[PDB]
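Summary of structural features
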Number of protein chains: 4
Amino acid sequence: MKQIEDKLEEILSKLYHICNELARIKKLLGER
Amino acid sequence: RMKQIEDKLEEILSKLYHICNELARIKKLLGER
Amino acid sequence: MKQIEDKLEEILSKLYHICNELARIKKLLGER
Amino acid sequence: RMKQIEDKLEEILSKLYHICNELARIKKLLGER
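My aim in this report is to walk through the structure given alongside it, one point at a time. (Residues numbered from 1 in each chain as written, not as in the entry; some residues may be left out. Chains lettered and ligands numbered in written order. Heavy atoms only, no water. Residues with missing side-chain atoms left out of burial classes, pairs and counts.)

1. Let's talk about the overall build of chain A
Here is the rule we go by: The helix and strand labels rest on DSSP assignments: H or I over at least four residues marks a helix, E over at least two residues marks a strand, and numbering proceeds from the N terminus.
Check the secondary structure of chain A and you find 1 helix and 0 strands. Principal axes of the C-alpha set define a box for chain A whose edges measure 45 × 5 × 5 Å.

Here it is as structure tokens:
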């Protein structure tokens, strides 16, 4: 169960990296 | 057409933020085990 | 706890929608 | 430049599939409660 809690933190960190990268992609497309 | 992609990325980012909040909420409930 | 299991199924379904849409976006960009 | 975006979307999709498998693995472990 703690292994699950630690996995969730890990997954959340990965998702924040993805959000940052999608925002970068949306910027780049916006720049033309 | 590129504006439609941009707008969809914006929508996908908001959905992903919602998912992150829900998974954070789960994590808190597991720390209350 | 079952509420958590049901939330995870819900989140997974949403993520599969997102994957499908990103693939559509990658197609569209590829088409020029 | 557009090929770099496409390649990054491909990388992000593979990361999201990995996340989906990990969350499915959690879900199974919660059904074994």
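2. Quick notes on unusual backbone geometry
What you tend to see is this: most non-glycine residues have negative phi, and most peptide bonds are trans. One non-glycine residue, A:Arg32, lies in the positive phi region at around 120°. Here A:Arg32 is to be found in the segment after α1 (2–30).

3. Considering the pattern of salt bridges
Filter applied, for reference: In what follows, salt bridge is the name for a side-chain nitrogen of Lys or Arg lying within 4 Å of a carboxyl oxygen of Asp or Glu.
With a closest N to O distance of 2.6 Å, C:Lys14 and C:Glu10 form a salt bridge. Highlighted residues: C:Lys14 and C:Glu10, both in helix α1 (residues 2–30), separated by 4 residues, approximately one helical turn. Among the salt bridges present, the one from C:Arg24 reaches C:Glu21, with a minimum N-O distance of 2.7 Å. With C:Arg24 and C:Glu21 both in helix α1 and 3 residues apart, this pair spans about one turn of that helix. Members of the salt-bridge network, linked through shared partners, are A:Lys7, A:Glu10, A:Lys14 and D:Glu22.

4. Brief notes about the interface of chain C and chain B
Going by this rule: In what follows, a contact means two residues having at least one pair of non-hydrogen atoms within 4.5 Å. Side-chain classes follow a simple rule in which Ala, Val, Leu, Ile, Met, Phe, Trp, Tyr, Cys and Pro form the nonpolar group, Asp, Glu, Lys and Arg form the charged group, and the remainder, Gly included, forms the polar group.
The interface of chain C with chain B comprises 14 residues on the first partner and 15 residues on the second. Counted by class, the side of chain C that touches chain B contains 10 nonpolar, no polar and 4 charged residues.

5. So, the environment of B:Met2
Inspection of the secondary structure assignment puts B:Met2 in helix α1 (residues 2–31). Measuring from C-alpha to C-alpha, the distance between B:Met2 and B:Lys15 comes to 20 Å, with 13 residues separating the pair along the chain. Not counting the four nearest positions on each side in its chain, B:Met2 is found in contact with A:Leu29, C:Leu29 and D:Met2.

6. As for the packing of α1(B) against α1(C)
As a reminder of what qualifies: Axis lines are fitted through C-alpha atoms, for helices just across the contact stretch, and the angle between N-to-C directions can take any value from 0 to 180 degrees. Any angle that falls under 35 degrees is termed roughly parallel, while one over 145 is termed roughly antiparallel, one within 65 to 115 roughly perpendicular, and all others oblique. Crossings are classed by handedness, with left-handed meaning an anticlockwise turn of the near helix from the far one by less than a right angle and right-handed meaning a clockwise turn.
Relative orientation of the contacting elements α1(B) and α1(C) amounts to 160°, with a least axis distance of 10 Å. Viewed along their axes, α1(B) and α1(C) adopt a mutual orientation that is roughly antiparallel. Regarding α1(B) and α1(C), the two cross each other, and that crossing is left-handed.

7. Topic: the side chain of D:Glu22
This is how it is decided: Two N or O atoms count as a polar contact when they lie within 3.5 Å, although within protein this holds only if one can serve as hydrogen donor and the other as acceptor, and sequence-adjacent residues are included solely when both atoms are side-chain atoms.
For D:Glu22, the position within the fold is in helix α1 (residues 2–31). A polar side-chain atom of D:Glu22 sits 2.8 Å from a polar atom in the side chain of A:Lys7. Leaving out residues up to four positions away in the same chain, D:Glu22 has contacts with A:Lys7 and A:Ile11.

By themselves these figures say nothing about function.
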